[PDB]
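Per-chain numbering from 1; labels A, B, C, D, E, F, G, H and I assigned in written order.
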Amino acid sequence: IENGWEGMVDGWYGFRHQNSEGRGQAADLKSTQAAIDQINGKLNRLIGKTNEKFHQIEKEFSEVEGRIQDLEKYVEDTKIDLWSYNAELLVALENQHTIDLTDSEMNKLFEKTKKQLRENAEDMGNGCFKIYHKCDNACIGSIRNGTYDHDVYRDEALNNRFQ
Amino acid sequence: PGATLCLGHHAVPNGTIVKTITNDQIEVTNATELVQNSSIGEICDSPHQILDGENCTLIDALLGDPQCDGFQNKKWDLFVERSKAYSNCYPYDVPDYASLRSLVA
Amino acid sequence: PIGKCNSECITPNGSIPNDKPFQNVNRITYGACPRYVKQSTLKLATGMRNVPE
Amino acid sequence: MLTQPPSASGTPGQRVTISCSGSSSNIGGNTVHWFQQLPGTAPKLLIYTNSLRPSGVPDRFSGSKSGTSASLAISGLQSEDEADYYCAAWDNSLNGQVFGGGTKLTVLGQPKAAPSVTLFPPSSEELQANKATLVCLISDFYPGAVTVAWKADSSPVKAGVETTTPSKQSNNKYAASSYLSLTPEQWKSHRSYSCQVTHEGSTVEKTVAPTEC
Amino acid sequence: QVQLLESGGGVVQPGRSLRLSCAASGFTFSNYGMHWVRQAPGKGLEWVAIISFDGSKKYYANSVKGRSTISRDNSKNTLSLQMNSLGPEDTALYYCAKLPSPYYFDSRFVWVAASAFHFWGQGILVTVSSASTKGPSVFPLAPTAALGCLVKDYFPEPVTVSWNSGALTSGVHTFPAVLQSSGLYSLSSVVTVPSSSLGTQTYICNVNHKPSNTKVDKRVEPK
Amino acid sequence: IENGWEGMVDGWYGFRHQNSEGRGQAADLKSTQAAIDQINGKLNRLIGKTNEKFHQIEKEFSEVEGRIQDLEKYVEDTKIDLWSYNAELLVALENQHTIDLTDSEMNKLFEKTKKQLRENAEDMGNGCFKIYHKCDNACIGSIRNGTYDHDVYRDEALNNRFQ
Amino acid sequence: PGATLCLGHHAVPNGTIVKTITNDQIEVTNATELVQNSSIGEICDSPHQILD
Amino acid sequence: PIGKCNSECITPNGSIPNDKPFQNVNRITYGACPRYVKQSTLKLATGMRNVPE
Amino acid sequence: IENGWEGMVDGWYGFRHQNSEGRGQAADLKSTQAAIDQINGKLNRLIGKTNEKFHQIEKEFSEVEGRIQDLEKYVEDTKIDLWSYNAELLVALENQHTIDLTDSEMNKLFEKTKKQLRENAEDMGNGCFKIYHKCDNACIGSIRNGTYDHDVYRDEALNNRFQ
């Protein structure tokens, strides 16, 4: 893909088509629904899960005591550093996974389409196909809904594609 | 003759920057803060039972410093010691002060 | 100061909300508190890569 | 419709599981969710997106889904979980929301099952209105299966109506109450009424009886 | 949490129409698609309709398609349902509820959240049957011990029973109603009370039947 | 793929074929061997590697001592929480990796096949190919073993595929 | 005329549920417990020298 | 009770096997013991995703 | 791919071609530049970021003191074990990510090429293409630079590919 589409407001992934009937755009429900489900599960894991701790050691001192003070400071500092490391690593990993799952859903949709147009189209390489037959808005709908039959348009597209 | 069909995703004019393994800084559509860093400035009296022992320490209320007679036989969940607290009775000291304070708390 | 509200996490700076997994207000906590970390901000992505148009 | 077995069962702390079969139109393509309906109250949401619990829900309830089969597991099942459990999912063909049949799960009731039987006669204002209804109840018993033999002066009748109440939240105690109702015509013509419990919690059927006094 | 005032329940003659409406407060109603679900007495849970957060998408069940309409007003924060040509298979409770649904039914602002906003309203009871809703008849039932109140010969079903101004709260068993050959309902409400309180503190039941303006009190004890 | 095949007992991934000679099924040794090797390496990493610890602090107390007791409880609790976090994260990561490697082996095998049938077949999109020539059980064997030559069947399949 | 050729993987009627990053609960063919939670109830006299 | 067996991990509940990396029997351990965690069960996948037929 | 190419010294990924003008080899700048950038960012994250710690507890003892000594040893040992676990896990994860990103860049380049030769070539399956027209060194340059137009050579390649 080259960039994104700012005009999409009823979904996250979609299709743009230019045929003899004009130019149109429409989003895909299933892919964006799956992405939303995964991110909501991620948030449900992270947010709202905090355990209780009531009585602990002291962590601020107004006096000079020596050994025990040194040990308590060391313990709290070690705990803090380890938990901060864990937090930074968890955030990095979860964000990488979010990016990966979104890109995977985009590629899933692209492949689902490409396999539907078996020989009636070619991959131009810019995230856009070239369909080699007269395909109207109803034909585009048959594509996206999953009802497109290649046999109907197969011979015409093979002709316009090899001669 | 032939039509074209493009596959794409959405975007937003003002994304936010986050961090991943590949990129230290990368822009996404929307993101949430996971580090609570703001507070109101006051302690909430619920759901934990709070005992604001404002001019008294826990040890003073324990022994019975006369300014602390309010805290007689009272229970609590969190005792709040103020920086204005001071003792006014007979001068004293407690060996293992911290330990008695902790066990009483 | 003691107020009249509801929060299950108390710090010497006040009560704080207990939804975010981490916090850096203070390390001294009472209740169902998020863990103290040194980071001032950790942001979690809730959307895909954003290449505008 | 979605396929849920009518009944589930177990012992306190057994991790019961309910299942839900569907079709490619709903579950194979969409996520499922699970609601809990305590007897006599509105349903409550337990699971959504096949594994997610909302704020209120304890982590004892878990969910799963694969292909056309969803599952709802309860780990630390306890006294206060006898209720109805509904599996549901969105269907794209019907373009709607399709629910499950429903599943009733029961707990292992220690078969104490001592019906505190008590026969109750009709009162004055009932008979002044030319009405009569003699009642016989059973409290704190188990399980749901039971029978009642009527004795209208040692004679059986037809069309006797009773209702079984669901389990108690703490004591897991069932209860039934059957009342026979007629007018003073067939009422003052016989004197000894009796009810005989036939239950799996005692030796043989047990009769109790009032007389016209 | 969620404060909803529901309205429209009652008795409606066969072939006529019902019109329910539940008004919600406590959240941004403006960005949550809503559902109407129904539950026939006995058992069962059937879904009726769904409406998007802007009306742009409505959908009904094949069982009630072509004779029902779901509608909403975001100004008065009101959800409403209209159904015509009612038959006995439609007498049921109707819940106005926010269920989990496809993402496009709710707004853009609530697509992603860790909360999953949800609620079911209490039931709205509608009953299709012949008219003349008659009030109740309450009789005391008196003889380890047991006593109670039997309330018979009423319709509709909406009935509630309390004990001694809501005092006796334990051991109480209110039995679910049963319908008969006639359009009459019955309801037994018993309690196991010790044999050591025949005169300690005698008990009196109260029965609230709303769709008759009825609050009947009656005391129970043997002779 | 739509689902799995419960009849496979001599492997984990395989092929099903329907030709004029009938319907048959046979598993692939190399791919399942690689998956088994990876999971066995995972188990060899995890299982049987525990280090020794003999003398430590006390972790249960029958008396009320104060400061040192508070500190020892804090230390053990912090250690326990950190190790539990590590355990949950490690299990989640290793299971994700197991799923990913199994799916990757399936896709590896699918692509290995698809590249072998260069133009003599089409991708129907349901994890099944359509081979456009009369292919007998010996021809299927030549496919799976890796000896299938497309040239032999190329012209026939191109004919039956474009005319 | 032409033959078809399918690519697939195996399965089992009774898998077990595990947890990953994508899914809180997902079903796999077989899995092993990593948390020893059962004990016999007695202390073994070997290999460490014990003094009761 | 003291028995007659062989195990390199001893807890106040008895000896336990030292193969699994974690354990939650007890936190007081002697020997080549698995680390105490709070989880009652952590399961490791030894097979692919299972979509039955 | 079968193996690597030891003769490449001006890059990491590249092309080898055999045409009527002979055999040649030349590397791709963009892909190796991206890989180098990612690994340099990884090193910039890891190397040179160490925080200061000055005064701590004692960690070696020449005397026998009992409780406090036991506690200090326990604390330091716990810290060491947790940090060692973190170090081993971080190194394993970062190396896996390095391998993954390098392989991803190779596959990115392969696909970028494959989409450029839409119908004028076939995928032999050994990380090498077969181009079905007379393609000179200037034509190979037009391929790699991104200026290759398939239309110019489309009809010739379709002829030599289907007849």
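The rule is short, and it goes like this: contacts are C-beta pairs under 8 Å (C-beta built on N, C-alpha and C of every residue); 3 or more make two chains touch, one makes a residue touch a chain.
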item	value
Chain pair with the higher count of C-beta pairs in contact (D-E, B-I)	D-E
C-alpha-based rotation, subunit A on subunit F, 0 to 180 degrees, nearest 5	120
Rounded Å distance, subunit E centre to subunit H centre (Cα mean)	52
Computed distance of Cα centres, subunit I from subunit G, in Å	34
Whole-Å separation of chain centres (CA-atom averages), subunit C against subunit D	46
Subunit C and subunit F, separation of their C-alpha mean positions in angstrom	39
Subunit B residues counted as touching two or more neighbouring chains	9, 11-13, 18-22, 26, 28, 30, 32, 34-35, 98, 102
Subunit A, residues touching no fewer than two other chains	3-6, 9, 11-12, 33, 39-41, 43-44, 46-48, 53, 55-56, 68, 71, 75, 82-83, 87, 91, 93-95, 98-99, 102, 106, 124, 162
Contacts with two or more other chains, residues of subunit E listed in rising order	102, 112, 116
Contact footprint of subunit I on subunit A as seen in their complex	67-68, 70-71, 74-75, 77-78, 82, 85, 89, 122-125, 162
In the complex, subunit D residues that touch subunit H	66-67, 69
Subunit I residues within the subunit A interface of the complex	53, 55-57, 68, 71-72, 75, 79, 82-83, 86, 90, 112, 115-116, 118-119, 158, 162
Interface residues, subunit C side, partner subunit A - complex	8-9, 18-22, 27-39, 42-53
Interfacial residue positions of subunit I with respect to subunit B in the complex	38, 41, 45, 93-94, 97, 101
